[PDB]
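Visitor: This is the structure, below, for whatever I ask next.
What is reported rests on the model, the rules as stated and the sources as named; no laboratory read-out is quoted. Don't worry about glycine lacking a Cβ; one is built from the backbone with ideal geometry, like all the others, and counts go over all protein chains shown.
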Amino acid sequence: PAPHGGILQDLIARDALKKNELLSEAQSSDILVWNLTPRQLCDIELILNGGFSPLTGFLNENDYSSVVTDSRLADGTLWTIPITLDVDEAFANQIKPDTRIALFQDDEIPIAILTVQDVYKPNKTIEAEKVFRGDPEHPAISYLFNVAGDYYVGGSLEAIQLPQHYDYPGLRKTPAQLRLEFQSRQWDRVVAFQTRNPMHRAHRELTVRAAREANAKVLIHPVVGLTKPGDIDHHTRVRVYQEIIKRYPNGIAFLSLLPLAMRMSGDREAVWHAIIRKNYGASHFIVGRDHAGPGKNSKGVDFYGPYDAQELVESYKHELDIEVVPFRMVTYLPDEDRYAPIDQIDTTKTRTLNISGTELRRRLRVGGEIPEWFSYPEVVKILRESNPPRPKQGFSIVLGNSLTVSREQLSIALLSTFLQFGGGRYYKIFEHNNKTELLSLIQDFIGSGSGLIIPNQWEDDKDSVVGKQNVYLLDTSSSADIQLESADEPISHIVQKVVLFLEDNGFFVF
Amino acid sequence: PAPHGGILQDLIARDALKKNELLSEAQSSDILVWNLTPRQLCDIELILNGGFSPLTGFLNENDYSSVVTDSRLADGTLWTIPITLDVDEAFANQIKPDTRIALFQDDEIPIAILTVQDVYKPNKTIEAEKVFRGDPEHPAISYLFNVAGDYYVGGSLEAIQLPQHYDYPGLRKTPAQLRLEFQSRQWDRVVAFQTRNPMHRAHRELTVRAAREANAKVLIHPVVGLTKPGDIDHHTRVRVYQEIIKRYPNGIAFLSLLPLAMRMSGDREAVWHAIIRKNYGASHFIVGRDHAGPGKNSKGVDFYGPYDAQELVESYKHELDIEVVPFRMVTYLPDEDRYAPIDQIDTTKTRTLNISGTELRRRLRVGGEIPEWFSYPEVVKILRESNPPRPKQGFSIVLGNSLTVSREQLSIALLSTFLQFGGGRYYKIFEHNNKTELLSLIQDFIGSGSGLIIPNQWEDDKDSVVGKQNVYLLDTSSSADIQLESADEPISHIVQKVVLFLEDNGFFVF
Amino acid sequence: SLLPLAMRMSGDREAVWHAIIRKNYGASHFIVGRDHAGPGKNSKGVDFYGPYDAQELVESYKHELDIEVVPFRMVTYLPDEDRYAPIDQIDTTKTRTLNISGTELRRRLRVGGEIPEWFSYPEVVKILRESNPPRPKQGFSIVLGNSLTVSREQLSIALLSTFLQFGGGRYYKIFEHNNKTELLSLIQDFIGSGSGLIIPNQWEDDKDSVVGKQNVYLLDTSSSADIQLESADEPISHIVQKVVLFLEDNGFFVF
Ligand SMILES: Nc1ncnc2c1ncn2[C@@H]1O[C@H](COP(=O)(O)OS(=O)(=O)O)[C@@H](O)[C@H]1O
Ligand SMILES: Nc1ncnc2c1ncn2[C@@H]1O[C@H](COP(=O)(O)OS(=O)(=O)O)[C@@H](O)[C@H]1O
Ligand SMILES: Nc1ncnc2c1ncn2[C@@H]1O[C@H](COP(=O)(O)OS(=O)(=O)O)[C@@H](O)[C@H]1O
Ligand SMILES: [O-][Cl+2]([O-])[O-]
Ligand SMILES: [O-][Cl+2]([O-])[O-]
Ligand SMILES: [O-][Cl+2]([O-])[O-]
Ligand SMILES: [Ca+2]
Ligand SMILES: [Ca+2]
Ligand SMILES: [Ca+2]
Ligand SMILES: [Ca+2]
Ligand SMILES: [Ca+2]
Ligand SMILES: [Ca+2]
Ligand SMILES: [Ca+2]
Ligand SMILES: [Ca+2]
Ligand SMILES: [Mg+2]
Ligand SMILES: [Mg+2]
Ligand code: NA
Ligand code: NA
Ligand code: NA
Ligand code: NA
Ligand code: NA
Ligand code: NA
Ligand code: NA
Ligand code: NA
Ligand code: NA
Ligand code: NA
Ligand code: NA
Ligand code: NA
Ligand code: NA
Ligand code: NA
Ligand code: NA
């Protein structure tokens, strides 16, 4: 289909002969420089390559507010997610309209030149409520208030080069390249499948059914840009996709990585996704249950209805110009060994089965066996390998402030004790001295599977530098993960308490 | 047999009623304090429990030189290894005879009170040559010149408590306790087996043969104090021993950990070992091939003859008062599936087999399969787990000084590249800033299995803070582990070079 | 078809006899391989018959046997080609063979050794191992020698309790025979059943014939004792360790 807006805005192609000139202006000591934030790098790449056609820069206030209140650009073009360049007051104050800024990656690689159209201070509450539905726990809203700059800079781009990536060089196909890919193959019907999770059996069936319904080839188009916090890293997912792609009949599917930065914005994002895939050459786009939805909030309520995206996408149907293949909860059928849309069964006459991602983590974290029917073995293997069960996980024991015994001796006692268990885990008494350069390493070790014995707490002003993950507090306090009887409880007693606690939580298995 | 010298010098027992008093003197602000070095902690423990009977303190010059030149204490008592309290000039100068010093552990636990007899400055070259045979590579000699103090303090001890241990509380039996153990069992004939390595099939057969020959029970008496540099840690070995002990017939063997600090002194040490085992209640002591020998030097020559220890022990036979069970190279017999002393076979008529420890490390480092006949499976499992094959080992790539490319970008490239391989390894760009508190952590990560990308070298004055292990230098220099074509070689080129190098050395397997 | 013949292990003569018998039974051909009906070698290592005497004898009566004989030379294994073949149509060193004599076959059967996939079918080896178990599943007897000076009652109990702690499915029993042949004749039955017997006293030499020597060991100071004692009054724990290690050495116990 025609790219959204009618013209693929591949600015790398457009500005090619200006490459050298733009590069010189980018490195000239007089120009103002902004180092792109991670999410911005994702966005900037989708704007420069045509993925966000018709966009050609970051939204000015006029287009931005139109998108917030109208799900459309100022000119009426259907567009649901605001793409802006968020900066801080300091930087915002050094720019005026007509100014030209150099956009860098890693304060070293010049990406593009942005020509300023305006500098405004968005009402984050409105954006949060009109675009992401208001819940403070919604991922997009948390980013907007805790990570995003309080100033937006609308303006047009002139491309120097897409953001730098040293991984999967062959796979991050640009809209132009994908289209060429489909052509060399004479693929004129392609149904794209969005995703941010590893694909399991349900999804393989889901995508093949779509392939069959639409009479089209399959495009696994996963996000490797930025997804829901706590998601499986894209490296692991890529390995999973590459593995599962082999279970498709020869020549039916194509894999391409999309450096998109999701907002986990349910229905609106679904619309945005469809526009994006259309630019990339797809003729069909799947929209299953709770598409781009972040599940439930701490209170158990849904951020979006499991089918809000489908309804919204349906309502813009006549102007999306890319056919949407909707799917209802695809689930497992024990008694018949096969999956099927829940909309075409049940009646109690048929018994289903469904292993939610929740419980999926649970078995991964507990070395539990994951059903042959649920996911392919090679896939589960890759997953366990990246997310090991507790007996292979790292952790830390922090000797609480209330601790009266010799921290030096209690430390050694724990070390020598853990050491006798064996099991390949590396242990260390780790003294941080409140130096963030040391604190920031704590999660590295835990990530590496090591067990750390930390003799002292770190000041509360530093608590943010340390990832709470697998970090237990040994103390008399009620807020201690491992509660002691008294601050001066004898070492061997404290030791047994720590060991049995770790054993209870699966870190040790005898 | 009677402890060496006739009287078990169990000073803990002896000084019991002085415990409180000694403890008070030890913590009095007026007394001079020396914090025991690791090896000293091992020695002090064998002196206070009777293990070094007839010793009751650290050798004064008179006894010390008699041991060096006569293999005997000043009074004639057979004794081959000098046990001295080595200190630095600074401390040496603060003491005179009659002075009482408090000996602490971890500058916190008071171990004993040493009454000074003399303070001398040993000629380390004579000790090195007469006691350890002079080769600068010999482990004991290296310790003597690079770790030992240049001053010795002779003097008698008064025990407060044996050095503190939090691991294997039940297993570190003292001479008094072992003897009771043997008695409760009515064991009056016990052959002890010394060792610093994991026990394999040969050893199990070797010890049972000795049990059969001597008509005695088996005592596995492994060293967990200090051994040959690069040995398997004692925790792993203890797990190996506890596992292999089950392969003995019910009630034929007993396990006990010996906190001895070996000197790897071949024949002399064997004499010393036999004296120590006699104090511990043994009636027989095994002395196999190259007992307590450190193998060969860099030039390939032997530190000791494979049977020097046997000859030396044989010559003191009538005064050791503990029977020695000598063994020649025990080897494997394929065609008959059984082991046997090489002295009772060969003639070419029989074909043998022998997997040296060398080649044993090799398979352990290469994930190679280790023969069913060589060692029990449960044992190899424990070993592989403590010494994983390369694909599970950590490492560091240090961006050489000669590097002209962007270190920041080359670092990222390697990170992203390694990230796509997967396999459970944790990666990190690690900036040390020449701070030893960071440098000293490099080997911790490697130990934890992580891969580190280090953008800059550390100043030569710090090089000693970092363990050379699995640390590779990427540079144009000839001394670079991974040699670059030019200092400005393009990143993808450098990356492929680093990846293929690591693949070639087994860190990556596809 | 099962033939209730009583062989004489008479090499060549028997082969002639066998061929006559097979002819009566309806056969038109009879095979005569290497050392047919031969009992191998005597204690001095010499052959009772030449490996092909039977073939020669059968060949000489060929015209009156009236049953055709199919002769075969040593059929052996060919590693490199995975196949068997008559030795008469190979060798020349150009080809390497392989041959697991019955001797060595018993050896592995008695030592739980693995018997080559090429040598015999698995289902067959299974049936054999099951009828002729390896040592760790075999029975045996320890006979307390005459020279024994220690309490036979206490030494018996000690060995019983000791063996009992090893476990492994073997049944144990202190077995008093009282020189009664009705009891002696049962000794091999238990051994056959896999049990371990502790026998406090020897049986009079006139009865020795009633007992099968198989897996029966003599614990004594004598030189003819299978398990030799230092002195007739060696302390029990010492004697016990000696008996345990001896049995361990001969595979009856595996830890
Ligand atoms: N069981 C299912 N039934 C129907 N659709 C599904 C099912 N599971 C996943 N999908 C669809 O698969 C696509 C990607 O799934 P996910 O990776 O879990 O999350 S999403 O944030 O990208 O939507 C979405 O269209 C989603 O609705
Ligand atoms: N193959 C062997 N043949 C004879 N003796 C051996 C053999 N292997 C090890 N030993 C003996 O086993 C004891 C301990 O072995 P090791 O742990 O390797 O080394 S040692 O440093 O404690 O001597 C020594 O008496 C040694 O000589
Ligand atoms: N390897 C062999 N090569 C040739 N003939 C063999 C071989 N093995 C067994 N035979 C033959 O097989 C027949 C029966 O073999 P056996 O049961 O071992 O012994 S026999 O006592 O009945 O002759 C005989 O004709 C014997 O010569
Ligand atoms: O299905 Cl993934 O969440 O593991
Ligand atoms: O025997 Cl050890 O060297 O592994
Ligand atoms: O001797 Cl038989 O072939 O077992
Ligand atoms: Ca703000
Ligand atoms: Ca719901
Ligand atoms: Ca108290
Ligand atoms: Ca010095
Ligand atoms: Ca040699
Ligand atoms: Ca150059
Ligand atoms: Ca012959
Ligand atoms: Ca006697
Ligand atoms: Mg890119
Ligand atoms: Mg101790
Ligand atoms: Na920089
Ligand atoms: Na509001
Ligand atoms: Na259609
Ligand atoms: Na809704
Ligand atoms: Na169209
Ligand atoms: Na619990
Ligand atoms: Na004695
Ligand atoms: Na301290
Ligand atoms: Na002896
Ligand atoms: Na020699
Ligand atoms: Na003596
Ligand atoms: Na190589
Ligand atoms: Na003949
Ligand atoms: Na005839
Ligand atoms: Na033997």
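Visitor: Are any residues in region B:307-361 near ligand 2 (Cβ under 9 Å from one of its atoms) and within 14 Å of chain C (Cβ to nearest Cβ), and if so, which ones?
Guide: B:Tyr339
Visitor: Same structure again: Mind listing whichever residues of region C:11-66 are touching a strand residue (DSSP E or B) at 6+ places or on another chain (Cβ under 8 Å), of a type in the set (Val, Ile, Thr) and not in a helix (DSSP H, G or I)?
Guide: C:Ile31, C:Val32
Visitor: Scan region A:434-451 and report the pairs whose first residue is within 16 Å of A:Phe508 (Cα to Cα) and touching a residue at least 24 places away in the same chain (Cβ under 8 Å) and whose second residue is part of a helix (DSSP H, G or I) and acidic (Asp, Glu), with Cβ atoms within less than 8 Å and a gap of 6+ or a chain change.
Guide: Note: pairs meeting the criteria are A:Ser450/B:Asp444.
Visitor: Another question, if that's okay. What number of residues within region C:8-21 satisfy the criterion of being touching an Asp or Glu at 6+ places or on another chain (Cβ under 9 Å) and under 17 Å from C:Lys41 (Cα atoms)?
Guide: Residues in region C:8-21 being touching an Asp or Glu at 6+ places or on another chain (Cβ under 9 Å) and under 17 Å from C:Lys41 (Cα atoms): 3 in total.
Visitor: Can I ask one more? Any residue at all in region B:432-451 that's within 19 Å of A:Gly451 (Cβ to Cβ), β-branched (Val, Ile, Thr) and either assigned to a helix (DSSP H, G or I) or assigned by CATH to the domain that holds B:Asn197 (or both)?
Guide: yes
Visitor: Has region B:315-323 got any residue that is surrounded by 14 or more Cβ atoms within 10 Å (Cβ to Cβ) and under 30 Å from B:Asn387 (Cβ atoms)?
Guide: No: zero hits.
Visitor: So, one more: Specify the residue that is surrounded by the fewest Cβ atoms within 10 Å (Cβ to Cβ); the eligible residues are those in region B:235-255 that are away from chain A (no Cβ under 14 Å) and assigned to a helix (DSSP H, G or I).
Guide: Ranking the qualifying residues of region B:235-255, first place goes to B:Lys246.
Visitor: Related question: Determine which single condition B:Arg100 fails, assuming it passes every other condition in (1) touching a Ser or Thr at 6+ places or on another chain (Cβ under 6 Å); (2) free of Cβ contacts under 8 Å to residues at least 40 places away in the same chain.
Guide: For B:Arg100, the exception is condition (2).
Visitor: Need pairs with beta-carbon distance below 6 Å; first residue within 14 Å of chain B (Cβ to nearest Cβ) and more than 19 Å from A:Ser416 (Cα to Cα) and within region A:472-499, second away from ligand 13 (no atom under 16 Å from the Cβ) and not aliphatic (A, V, I, L, M); sequence gap 6+ or separate chains.
Guide: Listed by first residue and then by second, the contacts come to nothing, as the list is empty.
Visitor: Within region B:311-366, which residues are under 23 Å from the mean Cα position of the chain (by Cα) and among the charged types (D, E, K, R)?
Guide: Across region B:311-366, the qualifying residues are B:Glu359, B:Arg361, B:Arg362, B:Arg363, B:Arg365.
Visitor: A further question on this structure: Please determine, by comparing only the residues of region A:386-405 that are touching a residue at least 60 places away in the same chain (Cβ under 8 Å) and facing chain B (nearest Cβ under 9 Å), which one is surrounded by the fewest Cβ atoms within 10 Å (Cβ to Cβ).
Guide: This residue is A:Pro388.
Visitor: A further question follows. Give C:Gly113, C:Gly102, C:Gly169 a once-over and let me know the one that is under 26 Å from C:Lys41 (Cβ atoms), more than 14 Å from every other protein chain (Cβ to nearest Cβ) and surrounded by fewer than 16 Cβ atoms within 10 Å (Cβ to Cβ).
Guide: C:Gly102
Visitor: For B:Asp302, work out the one condition from (1) among the acidic types (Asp, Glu); (2) more than 16 Å from ligand 26 (Cβ to nearest atom); (3) more than 14 Å from chain C (Cβ to nearest Cβ) it doesn't fulfil.
Guide: That leaves (2) as the condition not met.
Visitor: Out of all the residues in region B:483-506, is one or more in contact with a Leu (Cβ under 7 Å, 6 or more places away or on another chain) and acidic (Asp, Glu)?
Guide: No, that holds for no residue.
Visitor: Quick one: would you say B:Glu369 is of a type in the set (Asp, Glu), free of Cβ contacts under 8 Å to residues at least 24 places away in the same chain and more than 16 Å from ligand 26 (Cβ to nearest atom)?
Guide: Here the answer is yes, as B:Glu369 does meet what is asked.
Visitor: Going by the structure shown, is A:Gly293 in contact with a strand residue (DSSP E or B) (Cβ under 8 Å, 6 or more places away or on another chain) and either surrounded by 23 or more Cβ atoms within 10 Å (Cβ to Cβ) or in a loop (DSSP other than H, G, I, E, B) (or both)?
Guide: It is true that A:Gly293 is in contact with a strand residue (DSSP E or B) (Cβ under 8 Å, 6 or more places away or on another chain) and either surrounded by 23 or more Cβ atoms within 10 Å (Cβ to Cβ) or in a loop (DSSP other than H, G, I, E, B) (or both).
Visitor: Kindly provide the set of residues from region A:372-385 that are among the aliphatic types (A, V, I, L, M) and in contact (Cβ under 8 Å) with a residue 24 or more places away in the chain, ordered by number.
Guide: Result: A:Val379, A:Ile382, A:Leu383.
Visitor: Counting only residues that are of a type in the set (S, T, N, Q) and closer than 22 Å to A:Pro54 by Cα, how many does region A:269-297 have?
Guide: Residues meeting the conditions: 2.
Visitor: Follow-up. Can you find a residue in region A:77-90 that is within 20 Å of A:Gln27 (Cα to Cα), charged (D, E, K, R) and assigned by CATH to the domain that holds A:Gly134?
Guide: No, that holds for no residue.
Visitor: I'd like the full set of residues that are away from chain B (no Cβ under 14 Å), charged (D, E, K, R) and touching a residue at least 12 places away in the same chain (Cβ under 8 Å), limited to region A:212-234.
Guide: A:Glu213, A:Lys217, A:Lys228, A:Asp231
Visitor: Right, next: Under 6 Å between Cβ atoms, at least 6 apart or on separate chains: pull out the pairs that start in region B:267-284 with a residue that is away from every other protein chain (no Cβ under 14 Å) and end on any residue that is part of a helix (DSSP H, G or I) and away from ligand 26 (no atom under 16 Å from the Cβ).
Guide: Note: pairs meeting the criteria are B:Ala274/B:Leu320; B:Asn279/B:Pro175; B:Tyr280/B:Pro175; B:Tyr280/B:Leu178; B:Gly281/B:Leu178; B:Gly281/B:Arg179; B:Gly281/B:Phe182.
Visitor: Do we have any residue at all in region A:230-239 that's under 19 Å from A:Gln186 (Cα atoms) and of a type outside the set (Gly, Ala, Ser)?
Guide: no
Visitor: Does region A:406-442 hold any residues that are touching a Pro at 6+ places or on another chain (Cβ under 8 Å) and surrounded by fewer than 18 Cβ atoms within 10 Å (Cβ to Cβ), and which are they?
Guide: Result: A:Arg407, A:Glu408, A:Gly423, A:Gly424, A:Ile429, A:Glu431.
Visitor: Here's another thing I want to ask about it. Looking at (1) buried (at least 16 other Cβ atoms within 10 Å of the Cβ); (2) more than 14 Å from chain B (Cβ to nearest Cβ); (3) within 23 Å of the chain's Cα centre (by Cα); (4) touching a residue at least 12 places away in the same chain (Cβ under 8 Å), which one does A:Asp118 not meet, given that it meets all the others?
Guide: If we test A:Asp118 against (1) buried (at least 16 other Cβ atoms within 10 Å of the Cβ); (2) more than 14 Å from chain B (Cβ to nearest Cβ); (3) within 23 Å of the chain's Cα centre (by Cα); (4) touching a residue at least 12 places away in the same chain (Cβ under 8 Å), just (3) comes out false.
Visitor: Still on this structure, please answer the following. Please go through region C:212-224 and pick out each residue that is under 24 Å from C:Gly194 (Cβ atoms) and either out of contact with any helix residue (DSSP H, G or I) (no Cβ under 8 Å at 6 or more places or on another chain) or part of a loop (DSSP other than H, G, I, E, B) (or both).
Guide: Across region C:212-224, the qualifying residues are C:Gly212, C:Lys213, C:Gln214, C:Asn215, C:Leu218.
Visitor: While we're here: Kindly provide the set of residues from region A:140-165 that are away from ligand 7 (no atom under 16 Å from the Cβ), buried (at least 19 other Cβ atoms within 10 Å of the Cβ) and not aliphatic (A, V, I, L, M), ordered by number.
Guide: A:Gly154, A:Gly155, A:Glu158, A:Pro163
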